[PDB]
Structure formats: structure tokens, C-alpha cells
Amino acid sequence: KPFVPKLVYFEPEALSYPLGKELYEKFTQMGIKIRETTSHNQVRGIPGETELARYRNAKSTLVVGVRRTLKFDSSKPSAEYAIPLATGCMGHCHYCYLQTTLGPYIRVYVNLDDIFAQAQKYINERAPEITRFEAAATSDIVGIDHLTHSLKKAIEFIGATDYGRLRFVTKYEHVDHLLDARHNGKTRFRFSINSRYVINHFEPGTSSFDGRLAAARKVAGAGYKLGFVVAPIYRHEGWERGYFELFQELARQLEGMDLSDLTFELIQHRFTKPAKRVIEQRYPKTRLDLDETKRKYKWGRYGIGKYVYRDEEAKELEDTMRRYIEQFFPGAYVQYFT
Ligand SMILES: C[C@@]1(Cc2cn([C@H]3C[C@H](O)[C@@H](CO)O3)c(=O)[nH]c2=O)CN([C@H]2C[C@H](O)[C@@H](CO)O2)C(=O)NC1=O
Ligand SMILES: C[Se@@+](CC[C@H](N)C(=O)O)C[C@H]1O[C@@H](n2cnc3c(N)ncnc32)[C@H](O)[C@@H]1O
Ligand code: SF4
């Protein structure tokens, strides 16, 4: 059930680090097909004759490498920065924004000393103000972590700092190895949730809603700060009742738990102009409605723009989500709607 790659690439430089050495001996012991990248770290020869084939096989391929870009991206509204522990995902969410943000093997970085050292510099440059880090900005870091334990190390590193905070969101239940981690109350452990329609139709290759909630109870019992990310908020047929049933069912599955300091994050479905065509050839018979005529185009600033719902329909979603959260989780804090 936990993700295990069917193909692994190693950057030569990765073998100079403890994690690279450990992963090399791990995957060779497991008899998994292991390859070397070029001297300039390019991944060549991923199986597949069509574009869709190489996309599928890429999502079953792991690349063990070194993070050379030590400048951290900003990650608002979640956190000040994105801490780069991994890139890519094993899941096949039809709407996924990684389809345009990438183009899709799973990359993991081994130079944790360097990455954490850089994280500490960002913390020092803003202290005594709090600096939050998003570890799942460009990947499902939790779904990958049983292989590496990099997130666990990041959790404990952040736990040792005074002004640092960590956060990440996942669609996977494979969190057992993280339960005895010394988080020190400085990690927000979030789970992506959605209506039954969106999960059943658009989220294959992820854990079930029940699995995610089972995992959510485990992490909360281990003392982690708990939160949920309701995204993508998607106006499907019967969305108002669909999302009502979500929060009702969510409240039922978290019965008899300390839900003080529970957070919610709300993201409406969004897609870029290229995504329409890219998704059409990566998921041909998807029910995902990418009709531009029912959307508002929000023009980009430094990046490319994207379609979102019109201001009025967006407010319907926001007001509705806020109403259900207040009904089923009194005192819970909605961090943002975007
Ligand atoms: C898990 C995320 C992390 C995140 C990612 N990203 C990056 C990931 C990728 O490079 C890009 C996707 O448009 O945006 C970002 O800018 N801000 C974030 O807060 C995901 N998102 C993203 C996706 C959305 O387009 C953007 C704007 O809120 O933020 C978010 O709102 N909440 C989060 O907590
Ligand atoms: C890219 Se996701 C990375 C973390 C992890 N693999 C996870 O799925 O939780 C970050 C969040 O953003 C949502 N999301 C993904 N695509 C979109 C989208 N196109 N529109 C609107 N939201 C989109 C996902 O449901 C997640 O809640
Ligand atoms: S689990 Fe997250 S990162 Fe992975 S395909 Fe789904 S939305 Fe994308």
C-alpha cells in the first residue's frame, strides 16, 4: 500500500551524502531496477513510447538527488517559504496543479545539512518573528517519507528551533513512522479533504477519505497540531449538499477529540490555460469541467495567470464553507480562502 518506486535514478553526487548511501543500499537490497543519471544530473530513458506512458512511468520513478538551488521559494498564503525536501507525487489527481508546475518523476534531496542550514538562516533573518515552512508545496512529502524519513528529520530540526514552524498537507495515511517524532508542538499536520464526488472521480492513487481520517486521528493523538485543507473546492452537481456531508462526516470521524486550535484552509479549483489541453491528453475521459466560459481569469504577476470561479460564485463557496465549519467545528479557525 505504501509507495515503492519501480525505477530509481541516482545522481552521482547523491552518494556522497548519508541518505544517498542509505537509499542506494536499501533499493539494491530490494532488487529494484536502479539507474544512474548523467554527470549533469539529467534523467534519460524513462520507459514509455507515448507521452501518457512516460507520464505514468515517471510517477512510479524515484530520483535521489542533491538540492543545488538553496534559495527557498516563497509559499504564501500557507507559509513564508517552501522548504525543498522533495518534488513530484505518486498520485494521479485529475486536477493537480503539479501537471503544469512540473513536466513528473518523484525527486528526493539528500543534502539535509545544507537544506536545514539554509532554513535556519531564513529563521535568523526574521527573528524574533515566526517563520513558517511549507514542506508539501510541490510534492506529497508525507506519502514519500516512509522511504527516507527526511520529513521526520525536518520535523525534529524545526522542533529544536525557537522561531521556526513547519507545516505540510497530504492525501496519504502512511504516517506511522512519524508518530514518535519530537515535533515539540511546532508542526501543523494537515490532510487534504473534499466532497465524495471529487474524491471518487478525481483523486485516484491516493488514500481513501477514511484512511486519511484514520491517519488524522493518529497524528492528533501523537500531539501534532491538526488541520485540514479543503481543496480543490469544485462546483459539481450538488456541491452544496456534497460539501455539507463532508463536514458532517468529518465531525463524526473526529468525535471525542480536542479540536481546539484546529485550522481549515480553503482553495477553490483553479487551472491554467495550458492545463486544459495537457489534462485532456493525460486523462482523456475525465469528468473534470475545465470550461473557461464559467470562470474568471486572474492575471498573473510574476507567474502565469489562472482561471478561478467568478467573484460571486467564489463568495458562494467561501460563505458556504465558513458556515459549515462554524456549525460543525465551533472555534475552529479558517486561515484563508483563495
Ligand atoms: C499546499 C499549499 C502550498 C502552496 C504552494 N504554492 C505553490 C506550489 C506551486 O509551485 C504553485 C501552484 O500554483 O504554488 C504556493 O504558491 N503557495 C502555497 O501556499 C497549496 N496552495 C497553493 C496552490 C494555489 O495555486 C496557491 C495560491 O494560494 O497556493 C495553497 O493555497 N495552500 C497550501 O498550503
Ligand atoms: C498540489 Se497539492 C500537494 C500536497 C499533497 N499532494 C496534497 O494533495 O495534499 C496542495 C493542495 O492543493 C490542492 N490542489 C491541487 N491542485 C489543485 C487545483 N488545480 N486547484 C485547487 N487546488 C488544488 C490539493 O488538493 C492540496 O490540497
Ligand atoms: S496527492 Fe497532491 S500532489 Fe499528488 S497528484 Fe494529488 S493533488 Fe497532486
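As named in the PDB entry, the protein is Spore photoproduct lyase, taken from Geobacillus thermodenitrificans. UniProt, in the comment section headed Function (unreviewed entry), describes the protein in these words: "Involved in repair of UV radiation-induced DNA damage during spore germination. Can repair thymine dimer 5-thyminyl-5,6-dihydrothymine (known as spore photoproduct (SP)) by in situ monomerization of SP to two thymines." Per UniProt, the comment on the protein under Catalytic activity (unreviewed entry) is "(5R)-5,6-dihydro-5-(thymidin-7-yl)thymidine in DNA = a thymidine dimer in DNA".

Draft legend 1. Seen up close, the sheet that holds strand β15 (residues 333-337). Taken in spatial order, the eight strands make up an open sheet running β4-β5-β8-β9-β10-β11-β12-β15, and their pairing is mixed. Across the chains shown, the open sheet's two edge strands, defined by having one partner strand only, are β4 (74-75) and β15. Sheet analysis places strand β10 (residues 187-193) next to strand β11 (residues 225-233), joined by six bridges and oriented parallel. Bridge assignment links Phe 189 to a residue of β11, and that residue is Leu 226. Strands β5 (79-82), β8 (131-134) and β9 (164-170) of the sheet are contacted by helix α4 (residues 112-126), whose axis makes an angle of about 150° with β8.

Draft legend 2. Structural view of the UniProt feature "binding site: [4Fe-4S] cluster" (unreviewed entry) in the protein. In this structure's numbering, the residues bearing the UniProt feature "binding site: [4Fe-4S] cluster" (unreviewed entry) are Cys 89, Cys 93 and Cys 96. Accessibility expressed as a relative area gives 12% for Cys 89, which makes it buried. Apart from residues no more than four positions distant in its own chain, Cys 89 is found in contact with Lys 59, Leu 98, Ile 106, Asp 140 and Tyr 172. For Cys 93, a relative accessible area of 8% translates into the label buried.

Basis of the calculations
- Residues numbered from 1 in each chain as written, not as in the entry; some residues may be left out.
- Chains lettered and ligands numbered in written order.
- Heavy atoms only, no water.
- UniProt positions renumbered as here; feature names shortened; annotations may be inferred.
- Pairing = 2+ DSSP bridges.
- Helix = DSSP H or I, 4+ residues; strand = E, 2+ residues; numbered from the N terminus.
- Contact = heavy atoms within 4.5 Å.
- Axes fitted to C-alpha atoms, helices over the stretch in contact; angles between N-to-C directions.
- Buried < 20%, exposed > 50% of the residue type's maximum accessible area, 1.4 Å probe, protein only.

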